[PDB]
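So you can see what is in the structure, the chains are spelled out below.
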Amino acid sequence: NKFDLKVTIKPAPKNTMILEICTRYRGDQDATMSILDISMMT
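Method of determination, as annotated in the archive: cryo-EM, at 3.53 Å resolution.

Looking at the PDB entry, one finds the protein chain named Complement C3b alpha' chain and attributed to Homo sapiens. The deposited PDB record carries the title "Structure of the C3bB proconvertase in complex with lufaxin and factor Xa".

Caption draft 1: Representation of a nonpolar patch on the surface in the model. Together, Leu-5, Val-7, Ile-9, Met-17, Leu-19, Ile-21, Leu-36, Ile-38, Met-40 and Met-41 line one region of the surface with nonpolar side chains, adding up to about 1100 Å² of accessible area. Contributing elements (two or more residues each) for the nonpolar patch: β1 (6-10) and β2 (18-22). Within the secondary structure layout, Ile-21 lies in strand β2.

Caption draft 2: Representation of the environment of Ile-38 within the structure. Within the fold, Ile-38 resides in the segment after β2. Spatially, the C-alpha atom of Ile-38 lies 14 Å from that of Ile-18, the residues being 20 residues apart in sequence.

Caption draft 3: Structural view of the packing of aromatic side chains. Summed over all chains, the structure comprises one aromatic pair. Each ring, one from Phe-3 and one from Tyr-25, has its centre 5.4 Å from the other, and the planes form 75°; the classification is edge-to-face. Classification of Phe-3 as partly exposed rests on a relative accessible area of 47%. You can call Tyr-25 partly exposed: its relative accessible area is 32%.

Quick notes on the rules
- Residues numbered from 1 in each chain as written, not as in the entry; some residues may be left out.
- Part of a larger assembly, values for the part shown.
- Heavy atoms only, no water.
- Patch = residues over 30% accessible without salt bridge, like charges linked within 9 Å, V, L, I, M, F, W, Y side chains within 5 Å.
- Areas by Shrake-Rupley, 256 points an atom, 1.4 Å probe, with all protein chains shown as cover.
- Salt bridge = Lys/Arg side-chain N within 4 Å of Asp/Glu carboxyl O.
- Helix = DSSP H or I, 4+ residues; strand = E, 2+ residues; numbered from the N terminus.
- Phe/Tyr/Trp six-rings, centres within 6.5 Å; stacked < 30°, edge-to-face > 60°.
- Buried < 20%, exposed > 50% of the residue type's maximum accessible area, 1.4 Å probe, protein only.

Here it is in structure tokens:
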């Protein structure tokens, strides 16, 4: 319930793709410091 993370991957024109992740909070006040972890494909 807390977050609303969204992840997308697109091919950029050795494929060299582009990854974009966007997040937002669910509540009423700004959150404190947060941690984000990313693990990529082989």
